[PDB]
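> Need a 3D model of the following:
(one chain, ligands or ions: 2)
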Amino acid sequence: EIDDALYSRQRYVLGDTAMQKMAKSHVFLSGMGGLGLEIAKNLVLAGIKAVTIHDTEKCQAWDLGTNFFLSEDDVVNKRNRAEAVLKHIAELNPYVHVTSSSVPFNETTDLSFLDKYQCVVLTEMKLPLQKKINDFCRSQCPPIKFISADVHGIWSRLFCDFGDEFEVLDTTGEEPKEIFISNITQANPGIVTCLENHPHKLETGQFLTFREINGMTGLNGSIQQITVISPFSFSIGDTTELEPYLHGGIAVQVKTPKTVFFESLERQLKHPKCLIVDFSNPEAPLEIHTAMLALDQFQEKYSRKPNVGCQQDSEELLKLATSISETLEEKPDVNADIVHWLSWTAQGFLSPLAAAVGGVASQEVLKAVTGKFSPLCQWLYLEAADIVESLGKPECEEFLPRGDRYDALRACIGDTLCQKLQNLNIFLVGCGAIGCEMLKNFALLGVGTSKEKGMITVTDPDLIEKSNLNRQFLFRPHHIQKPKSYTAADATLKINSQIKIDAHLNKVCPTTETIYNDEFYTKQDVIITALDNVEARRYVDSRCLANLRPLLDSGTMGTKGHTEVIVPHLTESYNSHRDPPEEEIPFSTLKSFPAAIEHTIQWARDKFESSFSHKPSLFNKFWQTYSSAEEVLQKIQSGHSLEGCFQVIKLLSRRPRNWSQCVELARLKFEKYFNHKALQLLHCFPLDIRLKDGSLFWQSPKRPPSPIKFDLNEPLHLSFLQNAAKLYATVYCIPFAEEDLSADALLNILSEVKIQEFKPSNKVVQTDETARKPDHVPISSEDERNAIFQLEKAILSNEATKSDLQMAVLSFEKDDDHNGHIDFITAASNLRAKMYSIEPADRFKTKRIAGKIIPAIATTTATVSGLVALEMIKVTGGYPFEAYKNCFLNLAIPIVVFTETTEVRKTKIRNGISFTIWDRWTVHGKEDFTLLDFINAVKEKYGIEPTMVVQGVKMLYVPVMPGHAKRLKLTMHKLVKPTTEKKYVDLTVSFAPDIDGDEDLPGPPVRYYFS
Ligand SMILES: O=P(O)(O)O[C@H]1[C@H](OP(=O)(O)O)[C@@H](OP(=O)(O)O)[C@H](OP(=O)(O)O)[C@@H](OP(=O)(O)O)[C@H]1OP(=O)(O)O
Ligand SMILES: Nc1ncnc2c1ncn2[C@@H]1O[C@H](COP(=O)(O)OP(=O)(O)OP(=O)(O)O)[C@@H](O)[C@H]1O
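Numbering: from 1, shown residues only. Ligands and ions are numbered 1, 2, ... in the order given. Right below this line is the structure:
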C-alpha cells in the first residue's frame, strides 16, 4: 500500500497509520490564491487521497507574480485559474485524484454537498460567508474540520476549528523513553530513584509503566502518575503495603490520547486564543487581530481595500479599529503603527510570508486528518513589520503599481528594494528541498532577474532520486538520476524567463575552494545554505567569516526547524557556537553488553560493513600487493611477517565454491553469532557470578544473554539465511536463482549440513565501560602453522587463481530493497535482540536507524524557506541589528519562537582596545622591512606591541626563548619564507596580559603586504 520508495522520509515522521488515514479521506480547498496554491501543493506532496480545488476568479496579469503555474497565455485566454493549474498540480503526485470546481459561494449557495469532505480550508473569502461555512462545518456529524487563512501585504491571519471536542491520538509524536530504576523507596508516596547521571526529563503528572522490577513484580505492568522530585527522582504513589525493592526495573513513558476544545469562529472573535511568537510583546497578536477585523469591516463597508497614500482611508480605518476595540473582551490599546502599515499595504501580497503560512496551515490540515499532533488553538498572526519598519517614512511612489508582474510585491516593499533584489548575486550551496523552495521564492521575487547585475549561483553534486520527489517538488520522475541543479534551473526558467542562473554540479569543500576562491565570494552579496551536515556548515561559516559576507543557515527535522542569521560586525558566527559531539556507544556496550535495540542494530550495521566491504577490500588489496599464493608461502617459510596476511589466508580457506557451500557458511555464521557467542559469554559469566561487593554481575543496564536455537521454519531465520547466502554469493561471485532461496532447496541443503560443535575458550573480555578496541592480537606460531597448512591445502587444490584472489566489494545501499542489505540488517539486529531478550523492531525503523535517515516533511521545509526569504529581504535592505531575528519552531506543539539574534561580542586586550571575530588587520611595507620593524609598526598603527609571533605553525618570536629572540633583525621574506604568488602573508599575534604570567590575549589575524 504505502510506497516507501516515495514516502519514506515522511513515513518516519507521521507513521504508517497516518498515511492510511490520509488515505480514505477527502479534503476541500477553495480560493486558489497564492496561499491556497501553497496549501494545495503541500497537500498533494503529502499524499492526501483526493483534493477538490475551488475558484471562481478569472486569470489576471496581477496573479502571475504570486502563481508559479500560470502563464500570460492563460490570462490572454481568460481561463479559470483552477482550471489552468489543475493539470500542473497533478504532476506533483499521480497517486492523488484532483478535481476542480467553480460554483460561486454566496448567501444562497447550499453547503450540504460539502459533507463529502472531512476538512475544509478557505482562502480569499469575505468574512460573513466564512462564519456561515464554519457554522455549517461545526454543526456537522462528524463536524467538518474548518481552517481559514488570509494574507494582506505584510500581514497574515490563520484560524483553526475542529469542533467543540477533538481527540488527539498522539500528542507530539516523539519516541517514548525508558529509564532504568536505581531504587524504589517503600513509602506513601513511594519515590523512585533513576539511574544516576541519567535524568528522566519527565513532567509531573505524566504516566509511566514498569517491567522487570526485581522485588516489585506487581508494578511490572502497572501504570502510575508521577510527580517529579529531582532529575533522578519522583513520587509514584503509595508503596508501603508492598515488598522491599531488590534491584532492577525500568520505567517506560505512557502515551494517552487527549481532547481539545475549540470554539465557533464568530464567538472566537471576542475571545481569540492566540499563539505567541514573541514573548517580549505578548499583547501584539491581539492588536494584529483587531487590525485585521477592522480591515474586514472596512471591506464590508466600502467593498474595497484601503488605498495607499490615502490619509482619509487610514483615518477611517483607525476610527474603525478604535470602535472595534471597545467591543473586544480585553479592549487592547490600538497600535497606530500597525493600522498605518496595514492601510499602506493592504492591497499588496508578500510571497514568502504566504509560503510560510501555507506550509503551516497545510501541516494543520495533516493534524486535522490524522490527530498526530496537538493542533493550533486557535489563532496565528504572522507578520514582517520589521521589513517596512526600517523604511522610515517613505511615500506611495515606491508602491504604486507599474503594470508588471511584480506589482503586488512592489505594493509591499517599494520599487527601490525591488531594484536591489533584481541586482543581487546570490551563492546557494546545496539544492535539497530547502534549496528548491528558495529557488521558487527567488523566481516569485524576481531576484537576480536584472540583466545589469543579477545572477543566481547554485551548486550541488548529487543526482535526483525518487525518494527526493516527495519534498524537492521542482523535479519529475523522468528527472531521476539527473543533476539536481541543472533540472532545478531549467524548471525555475519556466517560472520566470527573466531570471538569470548558473548551475554547478560541485560539492563545496576545501578541495573545491580553488574554484570558489575569495574573489568569487567577494562578487557575491549573500550566501544561503541548504546543507545537511554540520561540518560543511562550519566550513562554509569559516569561508564567510574569511570573506566578510552575510550568511543564512537553516536546518529541519520532523516538525522541528530553525533559521539562523549571520551579519558581519553585527552577529556571532556558527563556529562561535559549539556543542558536545554525538554520543559514541561504549565499546563494551556494543560488543558484549548491549542494552537497547539501537545497540543491536548498530552491531548489525558494522558487522555488515566488516563482512561485505572492509574485509573483502582488505583481501583484494592484499592480493593486489602480493602476486601469488606460492610467493606468500615462500615468504612465510622464510620467516616473513605480512600484516593481516593470516586473515587473508583464513578467508581463502573459507571460500565457498557453490551456492550450497555459501548456505553452509551462512548457517555456520548464524551458529557463531547467535549461539556460540552467548555460550562463550556465559562460560565467562554465569548468571550467579557476583561482583566483589556481593551484588550480582548481571543487572541493569547489563542484560544476560541466551543462545538461540536454530529453526529453519522461523521466518526471521529464513530471511536471515536467505539474505546472508545472497550476499555471500555476490561477494564470492557465485551465481544463483530465486529457486535456491526456496525453503525446499534450503531444507534439502541443510539435510546434509553438519554443524561443528561449540567450543568454549578463554579470550580476555573488555567488560569495563572505558575499554576500547585494542591493537591486533599476536597470532601464535601454532595458528600460523594451521594457516600454512590451509594454504598448502588450497595450493594443492589449485585454488590460487586470480578468481580465488578476487572477490566483490559492496557498499551499503539503503534505497534499493532488492539488494537485501536492509533485510539482512533487520534480520541480524532482530536475532541479536532475541539473544539479549530485547523486543524486535520493524523494517522501516531499522532502515531509519541504520541509514541515519533524517525524518522530513514538506511543510517544515516551506515554512523555514519563507522565514529565510524574509530574513534575506531584511539583510539586503541593510537593516539595523534589531530587525534580524533568529527563529526556532516546532510544528508539533505547534510553537514558533522569534528572538533577536546573538550579538557579536567585543574583546578588549589592552588600553581599552577591543576587537571582534570579524576584524582582520592589514599592514604594508617593503622587503628589507624586518621583524623588529614589524613590531614597531604594530605598536604604532594599533598602539600595541606584539609579544609573540606565529605564522600558522612557524613559531616566529618570543622574548623568552633563546634561539629565536635574535630573529627581530631578520627581514620578513627570508625568515617566514612566503609564497611569492601573494603580495602579502597572514599571521597570528597575541599580547601579554596586564597581569604578567597569565596567558597572552590573542588578537585578530593580521596580513602584512610585501609592498
Ligand atoms: O573481525 P570482526 O568482523 O570484527 O569480528 C570478529 C570475527 O568474526 P567474523 O569472522 O564473523 O567477522 C572473528 O572471527 P575471524 O574473522 O577471526 O574468523 C571472531 O573471532 P572467533 O572466530 O574466534 O569467534 C571475533 O570474535 P571475538 O572478537 O569475540 O574473539 C569477531 O568479533 P565480533 O563478532 O565481536 O565482531
Ligand atoms: N558540501 C556540499 N556541497 C554541495 N552540496 C552539498 C554539500 N553537502 C550537502 N549538500 C547537498 O545538500 C542537500 C541536502 O538536501 P537533502 O536533505 O534533500 O538531501 P538528500 O541527500 O537528497 O537527502 P537524504 O539526506 O534524505 O538522503 C543534498 O542534496 C546534498 O547534495
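
> what residues does the helix or strand hosting residue 725 touch?
Assigned by DSSP states H and E, residue 725 belongs to helix 715-731. Helix 715-731 is contacted from outside by 611-612, 616, 656, 659, 662-663, 665-667, 669-670, 710-712, 734-736, 740-741, 743, 746, 807-810, 820, 823-824, 826-828, 830-831, 840, using C-beta atoms under 8 Å, 6 or more residues apart in numbering. C-betas here are computed from N, CA, C, even on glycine.

> Same check on stretch 69-77?
Contact with stretch 69-77 is made by 37, 59-61, 63-64, 81, 84-85, 88-89, as judged by C-beta under 8 Å, 6+ apart.

> Pull out the buried members of the residues you listed.
Those of those that meet the buried threshold are 37, 59, 63-64, 81, 84-85, 89, by 16 or more other C-beta atoms under 10 Å.

> Only the buried residues of stretch 68-85, if you could.
Buried residues in stretch 68-85 (16+ other C-beta under 10 Å): 68-70, 74-75, 80-85.

> Same question for stretch 391-403.
Applying 16+ other C-beta under 10 Å to stretch 391-403 flags 391, 398-399 as buried.

> now swap in stretch 959-968 and tell me
In stretch 959-968, counting by 16+ other C-beta under 10 Å, buried: 967-968.

> before we move on, back to that, which of the buried residues of stretch 68-85 sit farthest apart?
68 and 80 (17.3 Å; C-beta to C-beta).

> buried residues in stretch 201-218?
Applying 16+ other C-beta under 10 Å to stretch 201-218 flags 202, 206, 208-211, 213-216 as buried.

> re the thing from before, list the ones among the contacts of stretch 69-77 that fall in helices.
Taking DSSP state H as the definition of helices, the contacts of stretch 69-77 contribute 37, 81, 84-85, 88-89.

> near ligand 2, which residues of the chain show up?
9, 429-430, 432-433, 459-462, 468, 507-509, 530-532, 536, 853-854 (C-beta under 6 Å from any ligand atom).

> residues near the residue of the chain found nearest ligand 1, how many?
Scanning the chain for the residue nearest ligand 1 gives residue 610, at 3.7 Å (criterion: C-beta to the nearest ligand atom). Counted with other C-beta atoms under 10 Å, the neighbours of residue 610 add up to 12.

> What's the separation between it and ligand 2?
Using C-beta to the nearest ligand atom, to the nearest Å, residue 610 is found at 24 Å from ligand 2.

> Just say helix, strand or coil for that residue.
helix (DSSP: H, G, I helix; E, B strand; the rest coil).

> Make 54 the starting number, not 1.
New numbering, starting at 54: the last item is residue 663.

> Please report the distance of it from residue 774.
19 Å (C-beta to C-beta, to the nearest Å).

> mind listing what the residue in the chain that ligand 2 sits nearest to touches?
In the chain, the residue that lies nearest ligand 2 is residue 485 (2.1 Å; C-beta to the nearest ligand atom). By C-beta under 8 Å, 6+ apart, residue 485 lies in contact with 513, 521, 524-525, 583, 585.

> My read is that residue 952 contacts residue 938, right?
Yes: in this structure residue 952 lies within contact range of residue 938 using C-beta atoms under 8 Å: 6.4 Å.

> the more surrounded of the two?
Remark: of residue 952 and residue 938, residue 938 carries more neighbours, 20 against 13, as counted by other C-beta under 10 Å.

> bridging residues for the more buried one?
Under DSSP bridges, the beta-bridge partners of residue 938 are residue 953.

> And the strands in the stretch 804-953 of the chain?
938-943, 948-953 (DSSP state E, counting those that start in this stretch).

> just these: most buried one?
By mean neighbour count, with neighbours taken as mean count of other C-beta atoms under 10 Å, strand 938-943 ranks first of these at a mean of 19.

> Now tell me what touches that one from outside.
Strand 938-943 is contacted from outside by 439, 612-618, 916-917, 920, 924, 948-955, using C-beta under 8 Å, 6+ apart.

> of the residues you listed, buried ones?
439, 612-618, 916-917, 920, 924, 948-949, 951, 954-955.

> which element is residue 1042 on?
Assigned by DSSP H and E, residue 1042 falls in strand 1037-1044.

> what does the next helix or strand after that strand rub up against?
Next along the chain after strand 1037-1044, taking DSSP H and E as the criterion, comes strand 1054-1055. The contact list for strand 1054-1055 (C-beta under 8 Å, 6+ apart) reads 960, 962-963, 1041-1044, 1046.

> if you set the cut-off to 10 Å instead, what comes out?
960-963, 968, 1000-1001, 1003, 1041-1047 (C-beta atoms under 10 Å, 6 or more residues apart in numbering).

> For these, which entry has the maximal number of neighbours?
In those, the most neighbours by other C-beta under 10 Å go to residue 1042, 24 neighbours.

> what are the ranges of the helices in the stretch 354-503 of the chain?
Counting by DSSP state H, counting those that start in this stretch, the stretch 354-503 of the chain has helices at residues 364-380, 389-398, 404-423, 438-442, 460-466, 468-475, 486-498.
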